Every structure is written in structure tokens, then in C-alpha cells.
$ cat coords29.cif   # mmCIF, C-alpha atoms (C1' of nucleotides) and all ligand atoms
data_entry
loop_
_atom_site.label_atom_id
_atom_site.label_comp_id
_atom_site.auth_asym_id
_atom_site.auth_seq_id
_atom_site.Cartn_x
_atom_site.Cartn_y
_atom_site.Cartn_z
CA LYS A 3 0.00 0.00 0.00
CA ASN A 4 1.43 3.34 -1.13
CA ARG A 5 0.55 6.39 0.95
CA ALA A 6 0.08 9.78 -0.71
CA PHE A 7 2.38 12.62 0.33
CA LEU A 8 -0.63 14.80 1.15
CA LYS A 9 -3.15 14.69 3.98
CA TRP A 10 -6.51 14.75 2.21
CA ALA A 11 -10.19 14.10 2.90
CA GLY A 12 -11.53 10.81 1.57
CA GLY A 13 -8.15 9.07 1.51
CA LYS A 14 -9.93 5.78 0.84
CA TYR A 15 -6.92 3.75 1.99
CA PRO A 16 -8.87 0.96 3.71
CA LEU A 17 -11.17 0.84 0.67
CA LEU A 18 -8.27 0.21 -1.74
CA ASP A 19 -8.62 -3.54 -1.19
CA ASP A 20 -12.27 -3.46 -2.25
CA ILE A 21 -11.82 -0.93 -5.06
CA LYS A 22 -9.07 -2.77 -6.97
CA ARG A 23 -11.23 -5.90 -6.85
CA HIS A 24 -14.22 -4.26 -8.53
CA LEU A 25 -12.15 -2.00 -10.79
CA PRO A 26 -12.14 -3.24 -14.42
CA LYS A 27 -8.88 -3.71 -16.33
CA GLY A 28 -7.92 -1.34 -19.14
CA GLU A 29 -5.24 0.89 -20.64
CA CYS A 30 -6.11 4.29 -19.17
CA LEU A 31 -7.55 5.25 -15.79
CA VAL A 32 -9.59 8.43 -15.47
CA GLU A 33 -10.10 10.00 -12.04
CA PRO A 34 -12.32 13.12 -12.04
CA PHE A 35 -11.69 13.47 -8.30
CA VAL A 36 -8.03 12.50 -7.91
CA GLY A 37 -7.47 14.30 -4.59
CA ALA A 38 -4.54 12.63 -2.84
CA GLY A 39 -4.47 10.06 -5.64
CA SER A 40 -4.46 6.98 -3.41
CA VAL A 41 -6.14 4.90 -6.12
CA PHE A 42 -3.69 6.22 -8.71
CA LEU A 43 -0.72 5.30 -6.52
CA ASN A 44 -1.92 1.79 -5.69
CA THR A 45 -2.85 0.62 -9.19
CA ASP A 46 -0.92 -0.17 -12.37
CA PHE A 47 -2.34 1.26 -15.60
CA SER A 48 -0.56 2.19 -18.82
CA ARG A 49 -1.82 5.78 -18.65
CA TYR A 50 -3.68 7.99 -16.19
CA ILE A 51 -5.98 10.97 -16.66
CA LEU A 52 -6.12 12.66 -13.26
CA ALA A 53 -8.28 15.71 -12.66
CA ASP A 54 -9.49 17.88 -9.78
CA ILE A 55 -11.29 21.20 -9.31
CA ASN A 56 -8.50 22.39 -7.00
CA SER A 57 -6.02 24.49 -8.97
CA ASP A 58 -3.40 24.50 -6.21
CA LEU A 59 -3.58 20.71 -5.98
CA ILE A 60 -3.14 20.20 -9.72
CA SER A 61 -0.37 22.80 -9.96
CA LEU A 62 1.55 20.99 -7.22
CA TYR A 63 1.32 17.65 -9.04
CA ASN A 64 2.91 19.15 -12.16
CA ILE A 65 5.71 20.83 -10.19
CA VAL A 66 6.56 17.57 -8.42
CA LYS A 67 6.40 15.68 -11.73
CA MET A 68 8.46 18.04 -13.88
CA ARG A 69 10.84 19.45 -11.27
CA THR A 70 11.21 16.61 -8.76
CA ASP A 71 14.78 16.91 -7.43
CA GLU A 72 14.47 20.69 -7.36
CA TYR A 73 11.20 20.60 -5.41
CA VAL A 74 12.21 17.98 -2.84
CA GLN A 75 15.28 19.94 -1.73
CA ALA A 76 13.39 23.23 -1.51
CA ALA A 77 10.51 21.61 0.38
CA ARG A 78 12.75 19.76 2.84
CA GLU A 79 13.94 23.10 4.12
CA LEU A 80 10.57 23.86 5.59
CA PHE A 81 10.34 20.65 7.56
CA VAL A 82 12.63 21.65 10.40
CA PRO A 83 11.96 22.06 14.11
CA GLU A 84 12.24 25.85 13.82
CA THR A 85 9.18 26.07 11.57
CA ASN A 86 6.94 24.20 14.01
CA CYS A 87 5.30 27.17 15.72
CA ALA A 88 2.35 29.53 15.24
CA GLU A 89 4.29 32.70 14.40
CA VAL A 90 6.24 31.08 11.55
CA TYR A 91 3.23 29.13 10.24
CA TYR A 92 0.96 32.14 9.72
CA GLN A 93 3.73 34.00 7.91
CA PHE A 94 4.23 31.01 5.61
CA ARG A 95 0.46 30.88 5.12
CA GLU A 96 0.54 34.58 4.27
CA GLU A 97 3.46 34.17 1.86
CA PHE A 98 1.52 31.40 0.13
CA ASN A 99 -1.56 33.58 -0.33
CA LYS A 100 0.52 36.46 -1.70
CA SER A 101 2.92 34.46 -3.89
CA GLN A 102 2.64 34.61 -7.68
CA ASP A 103 5.26 31.90 -8.23
CA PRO A 104 3.76 28.42 -8.86
CA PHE A 105 6.94 26.74 -7.57
CA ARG A 106 7.05 28.67 -4.29
CA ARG A 107 3.31 28.12 -3.83
CA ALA A 108 3.84 24.40 -4.39
CA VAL A 109 6.61 24.24 -1.79
CA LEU A 110 4.56 26.06 0.85
CA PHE A 111 1.48 23.98 0.01
CA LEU A 112 3.13 20.80 1.30
CA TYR A 113 4.17 22.64 4.46
CA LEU A 114 0.68 24.00 5.07
CA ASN A 115 -0.79 20.54 4.57
CA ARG A 116 1.53 18.88 7.09
CA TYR A 117 1.65 21.67 9.67
CA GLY A 118 -1.93 22.87 9.24
CA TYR A 119 -4.92 21.88 11.35
CA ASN A 120 -5.95 18.27 10.63
CA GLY A 121 -4.53 18.54 7.11
CA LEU A 122 -7.60 20.52 6.06
CA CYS A 123 -7.77 22.47 2.81
CA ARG A 124 -10.04 25.46 3.41
CA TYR A 125 -10.33 28.70 1.43
CA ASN A 126 -12.33 31.89 1.78
CA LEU A 127 -14.16 33.52 -1.11
CA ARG A 128 -10.98 35.46 -1.89
CA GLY A 129 -9.28 32.14 -2.64
CA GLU A 130 -7.04 32.52 0.39
CA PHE A 131 -5.86 29.55 2.47
CA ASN A 132 -7.16 30.12 6.01
CA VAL A 133 -6.46 26.92 7.95
CA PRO A 134 -5.03 27.59 11.45
CA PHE A 135 -1.88 26.10 13.00
CA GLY A 136 -2.01 22.36 13.65
CA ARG A 137 0.43 22.15 16.57
CA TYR A 138 1.81 18.67 15.93
CA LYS A 139 4.74 17.12 17.81
CA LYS A 140 6.81 16.39 14.70
CA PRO A 141 5.36 16.72 11.17
CA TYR A 142 6.66 14.08 8.75
CA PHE A 143 8.36 14.99 5.46
CA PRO A 144 7.16 12.46 2.85
CA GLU A 145 10.41 12.29 0.86
CA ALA A 146 9.91 8.65 -0.14
CA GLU A 147 6.25 9.28 -0.99
CA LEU A 148 7.22 12.25 -3.16
CA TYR A 149 9.75 10.39 -5.31
CA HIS A 150 7.32 7.48 -5.71
CA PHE A 151 4.65 9.92 -6.89
CA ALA A 152 6.99 11.58 -9.39
CA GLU A 153 8.17 8.33 -10.96
CA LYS A 154 4.56 7.22 -11.35
CA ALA A 155 3.24 10.56 -12.60
CA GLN A 156 5.26 10.10 -15.80
CA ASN A 157 2.38 8.02 -17.15
CA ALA A 158 -0.24 10.52 -16.01
CA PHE A 159 -1.88 13.74 -17.19
CA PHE A 160 -3.08 16.36 -14.71
CA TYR A 161 -5.98 18.71 -15.46
CA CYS A 162 -7.77 21.36 -13.42
CA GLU A 163 -11.42 21.04 -14.41
CA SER A 164 -14.84 19.86 -13.24
CA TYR A 165 -15.84 16.19 -13.34
CA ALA A 166 -18.06 16.69 -16.40
CA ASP A 167 -15.14 17.85 -18.56
CA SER A 168 -12.65 15.23 -17.38
CA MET A 169 -15.05 12.34 -17.96
CA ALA A 170 -15.41 13.54 -21.55
CA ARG A 171 -11.77 12.54 -22.07
CA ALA A 172 -12.68 8.89 -21.48
CA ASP A 173 -12.50 6.46 -24.39
CA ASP A 174 -12.50 2.74 -25.26
CA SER A 175 -9.10 2.05 -23.69
CA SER A 176 -10.04 4.09 -20.61
CA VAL A 177 -11.56 2.98 -17.31
CA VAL A 178 -13.23 5.55 -15.06
CA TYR A 179 -13.20 5.68 -11.26
CA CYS A 180 -15.29 8.38 -9.58
CA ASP A 181 -14.78 9.36 -5.95
CA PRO A 182 -17.08 12.38 -5.46
CA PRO A 183 -17.45 14.34 -2.20
CA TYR A 184 -19.37 12.29 0.38
CA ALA A 185 -23.16 12.31 0.12
CA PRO A 186 -25.09 14.04 2.94
CA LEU A 187 -26.06 11.69 5.78
CA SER A 188 -28.83 14.01 6.98
CA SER A 200 -19.89 22.62 -1.96
CA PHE A 201 -20.98 19.54 -3.91
CA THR A 202 -24.74 19.81 -4.42
CA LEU A 203 -27.25 16.97 -4.81
CA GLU A 204 -27.77 17.89 -8.46
CA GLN A 205 -24.07 17.33 -9.16
CA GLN A 206 -24.35 14.02 -7.32
CA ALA A 207 -27.17 12.92 -9.62
CA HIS A 208 -25.51 14.47 -12.68
CA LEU A 209 -22.50 12.24 -12.03
CA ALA A 210 -24.80 9.23 -12.32
CA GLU A 211 -26.15 10.53 -15.63
CA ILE A 212 -22.70 10.75 -17.24
CA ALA A 213 -21.70 7.35 -15.83
CA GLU A 214 -24.62 5.70 -17.62
CA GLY A 215 -23.91 7.65 -20.79
CA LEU A 216 -20.37 6.29 -20.71
CA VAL A 217 -21.31 2.67 -20.03
CA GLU A 218 -23.66 2.97 -23.01
CA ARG A 219 -20.56 3.83 -25.04
CA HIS A 220 -18.88 0.64 -23.77
CA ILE A 221 -16.85 2.47 -21.11
CA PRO A 222 -16.60 0.99 -17.58
CA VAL A 223 -17.25 3.38 -14.67
CA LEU A 224 -16.78 2.71 -10.95
CA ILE A 225 -18.22 5.06 -8.32
CA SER A 226 -17.51 5.07 -4.58
CA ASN A 227 -19.75 6.83 -2.06
CA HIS A 228 -21.61 6.45 1.25
CA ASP A 229 -24.47 4.01 1.78
CA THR A 230 -27.64 6.09 2.08
CA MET A 231 -31.15 6.12 0.60
CA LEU A 232 -30.14 8.80 -1.91
CA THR A 233 -27.05 6.97 -3.15
CA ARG A 234 -29.09 3.92 -4.13
CA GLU A 235 -31.61 6.13 -5.95
CA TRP A 236 -28.82 7.63 -8.04
CA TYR A 237 -26.78 4.51 -8.61
CA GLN A 238 -29.62 2.15 -9.34
CA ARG A 239 -28.47 1.29 -12.84
CA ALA A 240 -25.16 -0.11 -11.52
CA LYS A 241 -24.19 -3.36 -9.82
CA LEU A 242 -24.18 -2.13 -6.23
CA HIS A 243 -21.67 -3.68 -3.84
CA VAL A 244 -21.41 -2.77 -0.16
CA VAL A 245 -18.54 -2.84 2.35
CA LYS A 246 -19.29 -3.03 6.07
CA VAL A 247 -17.11 -0.32 7.59
CA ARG A 248 -19.80 0.63 10.12
CA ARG A 249 -18.06 3.57 11.78
CA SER A 250 -18.65 7.21 12.77
CA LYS A 259 -25.01 6.02 13.55
CA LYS A 260 -23.09 3.29 11.73
CA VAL A 261 -22.83 4.13 8.02
CA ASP A 262 -21.27 1.97 5.30
CA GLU A 263 -19.59 2.66 1.95
CA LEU A 264 -21.27 1.93 -1.38
CA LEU A 265 -19.61 0.84 -4.62
CA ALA A 266 -21.36 1.50 -7.94
CA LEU A 267 -19.97 -0.42 -10.91
CA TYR A 268 -21.09 0.24 -14.49
CA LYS A 269 -20.03 -2.71 -16.65
CA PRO A 270 -21.06 -2.68 -20.34
"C1'" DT B 1 -29.84 54.39 7.08
"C1'" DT B 2 -33.30 50.61 9.21
"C1'" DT B 3 -34.14 45.79 9.96
"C1'" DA B 4 -33.86 40.68 10.59
"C1'" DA B 5 -32.23 36.64 8.71
"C1'" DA B 6 -28.56 34.31 6.55
"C1'" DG B 7 -23.96 33.60 4.96
"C1'" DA B 8 -19.01 34.14 5.61
"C1'" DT B 9 -14.80 34.19 8.59
"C1'" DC B 10 -11.20 31.65 11.05
"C1'" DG B 11 -9.10 30.27 15.17
"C1'" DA C 1 -18.98 20.38 14.01
"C1'" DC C 2 -18.01 24.87 16.87
"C1'" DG C 3 -18.91 30.06 17.64
"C1'" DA C 4 -18.04 35.05 18.30
"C1'" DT C 5 -17.74 38.54 14.85
"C1'" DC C 6 -18.30 40.82 10.19
"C1'" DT C 7 -20.53 40.84 5.80
"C1'" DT C 8 -24.35 40.09 2.72
"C1'" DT C 9 -29.20 40.24 1.01
"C1'" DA C 10 -33.59 42.72 0.02
"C1'" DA C 11 -37.77 45.31 1.17
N1 LIG A 301 -17.11 19.52 -9.29
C1 LIG A 301 -15.89 18.86 -8.91
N2 LIG A 301 -15.30 18.37 -10.02
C2 LIG A 301 -14.13 17.70 -9.92
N3 LIG A 301 -13.55 17.53 -8.70
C3 LIG A 301 -14.14 18.04 -7.58
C4 LIG A 301 -15.30 18.70 -7.68
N4 LIG A 301 -15.68 19.08 -6.43
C5 LIG A 301 -14.73 18.66 -5.56
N5 LIG A 301 -13.78 18.01 -6.26
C6 LIG A 301 -12.59 17.39 -5.75
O1 LIG A 301 -12.87 15.84 -5.45
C7 LIG A 301 -12.13 15.50 -4.43
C8 LIG A 301 -13.02 14.81 -3.35
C9 LIG A 301 -12.17 13.83 -2.50
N6 LIG A 301 -13.02 13.10 -1.62
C10 LIG A 301 -11.45 12.88 -3.39
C11 LIG A 301 -10.64 11.93 -2.54
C12 LIG A 301 -9.65 11.16 -3.41
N7 LIG A 301 -10.24 9.98 -3.88
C13 LIG A 301 -8.43 10.82 -2.60
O2 LIG A 301 -7.92 9.65 -2.67
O3 LIG A 301 -7.91 11.69 -1.86
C14 LIG A 301 -11.53 16.79 -3.87
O4 LIG A 301 -10.19 16.83 -4.13
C15 LIG A 301 -12.25 17.92 -4.62
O5 LIG A 301 -11.31 19.08 -4.85
#
$ encode --input "coords29.cif" --output "C-alpha cells"
Amino acid sequence: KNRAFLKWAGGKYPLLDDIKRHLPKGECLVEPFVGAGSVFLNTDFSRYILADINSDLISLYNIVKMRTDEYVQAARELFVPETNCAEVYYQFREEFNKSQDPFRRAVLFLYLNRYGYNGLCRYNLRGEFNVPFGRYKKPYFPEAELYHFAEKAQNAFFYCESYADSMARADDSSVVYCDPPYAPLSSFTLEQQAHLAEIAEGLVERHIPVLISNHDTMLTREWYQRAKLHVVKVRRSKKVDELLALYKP
DNA sequence: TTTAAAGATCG
DNA sequence: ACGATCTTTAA
């Protein structure tokens, strides 16, 4: 199991065992919601089409890919004991929000993810990163995880776009895995949740396999009805489970 | 400017 | 999810 170098919501690490099982084989893998890219890191496809709506996330992935050795050295400088305090953190957070340089923003982004509160990625409406100090004992610098990502990203394309646009890149040789934001138990709207199901069925009609992972609620079944629904008993956090929607042509 | 509800902010 | 504090929205 390969861990991503970023703390990210919906890591789906324990689900990797169940995903790979129900994930069809093909040449290309398309992920409209790549996020940390845990699925991308723990699979083996010829090509990858990875996309996310987060511009800072996508920009980082291209910096790490193209300028690996340069980035790792510059980013290792921030993971020192002297940077593990509030005063330094908020200045680095400020420098990030004011920087125009993609490289410098990419370097600080890893710092803010590892030193920030719970590894959250929160912005205001100004597009400014506003996550407070995390106050950890000793933040880990994922040097091994970075090099593993870079060597694997060589067979991948990164795009900053919505799910609708990225799924349009899918073809015969491509297999699609969708990991949308979690469905409400009781921002990603419900219309976008249902719209994802519409495209998935339009793709499987064009002989293109699509796998979707989400929570197990009454709404998820009503959207994913046309797929072979498999369930995994996580039963954690009322006890809710995770639902797998597979569209096999 | 008034007003009351709602959204946004950020530790 | 929390919450004290601004900002927003429209008659
Ligand atoms: N409309 C959207 N289109 C494409 N991506 C989106 C959209 N909305 C949110 N996202 C991204 O989808 C991701 C949701 C995450 N749960 C994905 C987790 C991902 N599977 C991982 O291993 O980390 C986030 O990175 C979002 O930035």
C-alpha cells in the first residue's frame, strides 16, 4: 500500500482492497476526483488521466512531476523544528496567499498541509488559504512518498477542471473511477451528485466501464440504481457503510 | 440608514 | 462540528 504525500479528505486507503477488486482492467484510468491520488498510486495502468477542481492541488502535481529533485530539496527546508510554531506558520500561510510563483506556492502547500490543522484544505471567497496552526509534535516529510509519486506521474496527465469535462476525455481504452465528495447523511450539491450518475450511464452505453464510490444512504441507491451495487461493512462514525457503484457494459 | 435573517470568517 | 464577529441580502 502506497501512501500519498498529502493529507486529504476521503483518503480511501482501507477501501483500496475493495476498489481494486471491482475496478475493471484497461489501458487508461480516469479519475475526475483524484485528490490525494491513493487509487492512482496503488494501481498499475498504462496511462492515467487525473483531474481535480482544486487548482493549487493540480499545480503541485505538475511541479513535483516536472521538477522533482528541485522541489524535494526546496521543500525539505521547511520541515525543520524551527518552523513548528504559530508565528512562523501564519507567515508562511501569508506568503503562500501572496505568492505569484507556482513553484514557491507548491513548496509552501506541502508545508501548510503537514503543519496545518488536521490537514484541512479550506479557502475563503478570496481564494485565500485560512487553515489555522495544527500544533503537531513532529510533522513528517514524505520524501519517499514524493519520489514514488513523481516516478509514477510520468504516465499521467493532470488537469484542473470539473468532473463533467474530465469524464469527456474517457475512451475505449479508458476505465473511469469516480470518488465524489461524500453524500449528505442528513460545496458539492445533490444535483451534481445525480448528474454524475447521468454521465456514468452515458459512458457505459458507449462501452466504457465506470466505478463510483460513495456512502451508503437512501439517496445513493436512488442515483446509482443502474449499476451493480456492492457494499462494504465499515460501520463507523449512527453506523454508516460505503457503497460501490460499478457500471459494466 | 433601518431591519432581521442568513452567509461568511477563522481560530 | 463549533462560535463570536463581520458581511451580505432585500424590502
Ligand atoms: N465539481 C468537482 N469536479 C471535480 N472535482 C471536484 C469537484 N468538487 C470537488 N472536487 C474534488 O474531489 C475530491 C473529493 C475527495 N473526496 C477525493 C478523494 C480522493 N479519492 C483521494 O484519494 O484523496 C476533492 O479533491 C475535490 O477538490
$ closest_atom_pairs --input "coords29.cif" --of "chain C" --to "segment 1-10 of chain B" --cutoff "9 Å" --atoms "only C-alpha atoms (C1' of nucleotides)" --output "CSV"
residue,atom,partner,partner_atom,distance
C:5,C1',B:9,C1',8.2
C:6,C1',B:9,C1',7.7
C:7,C1',B:8,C1',6.9
C:8,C1',B:7,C1',6.9
C:9,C1',B:6,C1',8.1
$ interface_residues --input "coords29.cif" --of "chain A" --to "chain B" --cutoff "10 Å" --atoms "all atoms listed in the file" --output "PyMOL selection string"
chain A and resi 124+126-127+132-135
$ residues_near_ligand --input "coords29.cif" --ligand "ligand LIG 301 (chain A)" --cutoff "7 Å" --atoms "only C-alpha atoms (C1' of nucleotides) and all ligand atoms" --output "list in words"
residues 10, 11, 12, 13, 14, 34, 35, 36, 37, 38, 39, 40, 41, 53, 54, 55, 56, 163, 164, 165, 181, 182, 183, 184 and 201 of chain A
$ atom_distance --input "coords29.cif" --atom1 "atom CA of residue 30 of chain A" --atom2 "atom CA of residue 171 of chain A"
10.4 Å
$ atom_distance --input "coords29.cif" --atom1 "atom CA of residue 131 of chain A" --atom2 "atom CA of residue 156 of chain A"
28.9 Å
$ atom_distance --input "coords29.cif" --atom1 "atom CA of residue 228 of chain A" --atom2 "atom CA of residue 46 of chain A"
25.6 Å
$ closest_residue --input "coords29.cif" --among "A:146, A:244, A:87, A:74" --to "residue 108 of chain A" --atoms "only C-alpha atoms"
A:74
$ residues_near_point --input "coords29.cif" --point "(-1.9, 20.5, 4.3)" --cutoff "8 Å" --atoms "all atoms listed in the file" --output "ChimeraX atom specification"
/A:8-10,111-123
